[PDB]
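Colleague: Build the 3D model from these lines:
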Amino acid sequence: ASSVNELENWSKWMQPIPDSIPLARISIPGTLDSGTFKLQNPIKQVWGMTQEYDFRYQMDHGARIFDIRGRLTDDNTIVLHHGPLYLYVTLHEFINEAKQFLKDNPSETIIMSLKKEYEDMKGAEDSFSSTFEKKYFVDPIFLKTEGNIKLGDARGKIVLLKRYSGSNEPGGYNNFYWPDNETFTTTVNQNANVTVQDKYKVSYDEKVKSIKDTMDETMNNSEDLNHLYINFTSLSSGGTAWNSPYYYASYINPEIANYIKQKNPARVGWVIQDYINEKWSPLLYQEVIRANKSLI
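Modeller: Numbers count the residues shown, from 1 in each chain. Please find the structure below.
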């Protein structure tokens, strides 16, 4: 309704935000490689794994943006993958948890980034894009409206963020440029712009600076509703032992959590991170949600 105490309820933090506001303006916490919580093997975790708890936990902690990577199986089904590794998760598994969360908390909405992570299996009857639309995207939860999506036409639906080419069914965010490992800017739909900082695999120093720099612009340009700001706090960088996404996340998450606190911004943008949990002292996702206080 009209109170900043509705931002402290994670499951329904999107309730008090007016139905007028374009999803881009709102600042939302997200999860990188959302389906890696099932990796329990040691040599698998230090490489793949970027999250520890399931989707529902992720959503109950305030997360609304999910990085979903997939591969086409010969059984004609889309499954979650981290590079070549088969995460023991599937798409239906994700779409079903979303619906569950959205039924219990209809005041919310989840944005689902979908990207082809691995080459299709030979048995594949149809293509990856076509198989997704024909068998999944056709479900009624997926919002089929485009343009600058308002929080009003998104409640209860799933705002798909296409990150795969060859789409044929309208709905959500259209596939835009997006180069490998770096910060960039391009134009999305009719009325929109995107500045994304996906600088994975880079030094810790450079990384932190890139997050702060990117978050610095979103802060100044707080009233440009026509501008998407995706800020990835993830540091993939392999190296195994204490180089893993977990080692890095221990510093970056709290680090950025303070940055947002101290500065007391009016906009922080869509912040995607690794290891959403409650270990980290400051809590990034909570601070990202809180910066939306300016919208009520």
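Colleague: Just list the residues touching the residue sitting nearest the centre point of the chain, thanks.
Modeller: Compute the mean C-alpha point of the chain, and by Cα atoms, centre = their mean the closest residue is residue 65, 3.2 Å away. For residue 65, the contacting residues are 28-31, 110-113, 161, 270, 272, by Cβ atoms under 8 Å, 6 or more residues apart in numbering. C-beta here means a position set from N, CA and C on the backbone, and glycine is covered the same way.
Colleague: do that again at 10 Å, thanks
Modeller: Applying Cβ atoms under 10 Å, 6 or more residues apart in numbering to residue 65 gives the contacts 23, 28-32, 34, 58, 110-113, 159, 161, 230, 270-272.
Colleague: ok, now residue 219?
Modeller: By Cβ under 10 Å, 6+ apart, the contact list for residue 219 reads 229, 260, 263-269, 291.
Colleague: again, 6 Å this time
Modeller: Residue 219 sits next to 265, 267 when contact means Cβ atoms under 6 Å, 6 or more residues apart in numbering.
Colleague: The one 3 residues further on too?
Modeller: Contacts here follow Cβ under 6 Å, 6+ apart; on that basis residue 222 touches 266-267.
Colleague: Check the one 10 residues further on too.
Modeller: By Cβ under 6 Å, 6+ apart, the residues touching residue 232 are 197-198, 272.
Colleague: If you rank those residues by neighbours, which is first?
Modeller: Using other Cβ atoms under 10 Å as the neighbour test, the contacts of residue 232 are led by residue 272, with 26 neighbours.
Colleague: bridging residues for that residue?
Modeller: Counting by DSSP bridges, residue 272 forms beta bridges with residue 30, residue 232.
Colleague: ok, it touching residue 32?
Modeller: Yes: shown here, residue 272 and residue 32 form a contact pair, counting by Cβ atoms under 6 Å, at 5.2 Å.
Colleague: Scan this protein for its longest helix.
Modeller: When the chain is scanned for its longest helix (criterion: DSSP state H), the result is helix 245-263.
Colleague: what's near enough to touch the closest residue to residue 202 other than its chain neighbours?
Modeller: Leaving aside its chain neighbours, residue 202 sits nearest to residue 181 (6.9 Å; criterion: Cβ to Cβ, 6 or more residues apart in numbering). Residue 181 makes contact with 199-201, according to Cβ under 6 Å, 6+ apart.
Colleague: so how far is residue 237 from residue 181?
Modeller: 11 Å (Cβ to Cβ, to the nearest Å).
Colleague: Give me the common contacts of the two.
Modeller: With Cβ under 6 Å, 6+ apart, residue 181 and residue 237 have common neighbours residue 201.
Colleague: and the residue sitting furthest away from the middle of the chain, how far is that from residue 115?
Modeller: For the chain, the largest distance from the centre (Cα atoms, centre = their mean) belongs to residue 123, which lies 30.4 Å off. Per Cβ to Cβ, residue 123 is found 21 Å from residue 115.
Colleague: And residue 95, by the same measure?
Modeller: Plainly put, residue 95 is 16 Å away from residue 115 if you go by Cβ to Cβ.
Colleague: Between these two, tell me which one has more neighbours.
Modeller: Between residue 95 and residue 115, residue 95 has the larger neighbour count (other Cβ under 10 Å), namely 19 against 16.
Colleague: now the helix or strand containing the more buried one: how far from the chain's centre is it?
Modeller: Using DSSP states H and E, residue 95 sits in helix 91-104. Helix 91-104 sits 15 Å away from the centroid of its parent chain (Cα atoms, centre = their mean, to the nearest Å).
Colleague: Same question for stretch 214-229.
Modeller: 17 Å.
Colleague: before we move on, what about stretch 113-129?
Modeller: For stretch 113-129, the separation from the chain centroid amounts to 21 Å (computed by Cα atoms, centre = their mean).
Colleague: pull the CA atoms of that stretch into PDB?
Modeller: C-alpha atoms of stretch 113-129 as PDB (Å, rounded to 0.1, in the frame of the first residue of the first chain):
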ATOM      1  CA  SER A 113      16.400 -14.700 -18.200                       C
ATOM      2  CA  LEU A 114      16.700 -17.700 -20.600                       C
ATOM      3  CA  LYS A 115      19.900 -18.500 -22.400                       C
ATOM      4  CA  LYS A 116      21.100 -21.400 -24.500                       C
ATOM      5  CA  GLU A 117      24.000 -22.700 -22.400                       C
ATOM      6  CA  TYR A 118      25.100 -25.800 -24.400                       C
ATOM      7  CA  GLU A 119      24.800 -27.300 -27.900                       C
ATOM      8  CA  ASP A 120      21.600 -29.200 -28.600                       C
ATOM      9  CA  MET A 121      21.600 -33.000 -28.400                       C
ATOM     10  CA  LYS A 122      21.600 -34.700 -31.800                       C
ATOM     11  CA  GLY A 123      18.200 -36.300 -31.200                       C
ATOM     12  CA  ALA A 124      16.700 -32.900 -31.000                       C
ATOM     13  CA  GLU A 125      13.600 -32.800 -33.200                       C
ATOM     14  CA  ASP A 126      13.100 -29.100 -33.200                       C
ATOM     15  CA  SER A 127      15.500 -26.200 -32.300                       C
ATOM     16  CA  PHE A 128      16.100 -24.800 -28.900                       C
ATOM     17  CA  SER A 129      14.100 -21.500 -29.400                       C
END
